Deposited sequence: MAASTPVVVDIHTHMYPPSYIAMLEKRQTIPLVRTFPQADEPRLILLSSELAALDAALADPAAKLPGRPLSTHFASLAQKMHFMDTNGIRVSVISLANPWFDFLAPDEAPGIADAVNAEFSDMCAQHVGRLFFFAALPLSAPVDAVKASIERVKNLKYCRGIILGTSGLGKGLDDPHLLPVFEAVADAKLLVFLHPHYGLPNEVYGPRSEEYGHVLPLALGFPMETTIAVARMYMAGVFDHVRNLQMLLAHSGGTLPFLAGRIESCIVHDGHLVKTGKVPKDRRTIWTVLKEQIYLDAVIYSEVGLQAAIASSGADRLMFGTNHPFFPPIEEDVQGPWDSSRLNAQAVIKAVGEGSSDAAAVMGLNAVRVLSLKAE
């Protein structure tokens, strides 16, 4: 009519929440009886508030409220029907399986990935998913997980964070992981979580709620990780790698020109032959191996994203169920698309769903 597809939309299955509920170290879910909803505590930047609340009963509630929407497949479908979304490509949210002990991670990752497949089977044609990987485990266990996700119905990709195997995404030990995913034609969805070292937010950090780590930390983290991939030659070494970047590439469309200029003016790089004239620029990679979600909350940002990658490589997302009304968050981004490319346009239909349908083969199984 045409189809609306949401590619940035999360869940924590009940089995995953139940795990978080039993933890005493981040990530965790903890009930504070002065609030009905349990608190979801995921982030390094939240540790200070957690500790303050664990000592002083007068301190503010740490983390964010855990609504039922995080774990309810039924509320996901309700959200879709209420918002005119025909298909969601759901993904486990941060920090995935990153925090698990090496020995246990593969069994848990594999169980949870299968639960996602089973969730999609309940609503055939309306749900597909990005699987996540046991990246704290040895690479051979990670490969075994990739081999399993390749066989799972409704799986169309992999969601992962910026830590890789623990040394980031420019780690050559991670290359076989990108390679095995790309060879299986799975889209890689890169998503933030670790943000930036907390000291950058300053000694008044606790006064600003979650604004700085979420509004700045997250997209900057994404940008740094993809820039490191680019500099390390990951996009040339895995030529068929295709990546979807969270939050319109973080800040990448805005900084792409600056990155190119710093590269071609880097004396050391140039003098040591690391800037050959046939180098694939960041602009070329943005056109050939990167897709951007449209979760940017303004036509200013969206226009830059579109100018960087083309309208055929932008994909609508909501980031449901984060940022509930205190869903404006879904609608603002839909409006941003229209302002950017005009209502009823082929570009609008592309961004709102047809790109995702094409790239992620949102029919088969």
Inset, instruction - List in ascending order the stretches of the deposited sequence, numbered from 1, that lack C-alpha coordinates. - result: 1-4, 331-337
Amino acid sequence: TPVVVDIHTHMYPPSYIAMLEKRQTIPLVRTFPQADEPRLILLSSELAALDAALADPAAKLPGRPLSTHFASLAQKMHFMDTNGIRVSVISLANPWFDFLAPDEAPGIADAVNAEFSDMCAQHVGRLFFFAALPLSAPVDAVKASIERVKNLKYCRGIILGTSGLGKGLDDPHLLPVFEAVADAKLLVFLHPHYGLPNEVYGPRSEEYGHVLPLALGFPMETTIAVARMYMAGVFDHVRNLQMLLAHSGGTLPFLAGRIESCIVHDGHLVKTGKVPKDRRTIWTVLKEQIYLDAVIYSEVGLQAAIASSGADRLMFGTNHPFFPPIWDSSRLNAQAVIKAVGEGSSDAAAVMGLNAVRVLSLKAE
From here on, numbers count along this sequence of modelled residues.
Inset, instruction - May I ask you to compare 40-48 and 328-336 by their mean CA B factor in the entry and name the higher one? - result: 328-336
Inset, instruction - Taking the mean of the C-alpha B-factors per stretch from the entry, tell me the winner out of 242-250 and 150-158. - result: 150-158
Legend entry - Top Cα B factor in the deposited entry, candidates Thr284, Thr223, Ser205, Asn113: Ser205
Legend entry - From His320, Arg313, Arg30, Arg64, residue of greatest CA B-factor: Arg30
Legend entry - Chain thirds of CA B-factor: placement of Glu199: highest
Inset, instruction - Please rank the C-alpha B-factors of the chain's modelled residues and tell me whether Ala356 sits in the lowest, middle or highest third. - result: lowest
Inset, instruction - Sort the modelled residues of this chain by their C-alpha B factor and say whether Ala305 lands in the lowest, middle or highest third. - result: lowest
Legend entry - Within-chain third of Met11 by Cα B-factor, per the entry: lowest
Legend entry - Third of the chain's Cα B-factor distribution that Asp103 belongs to, per the entry: highest
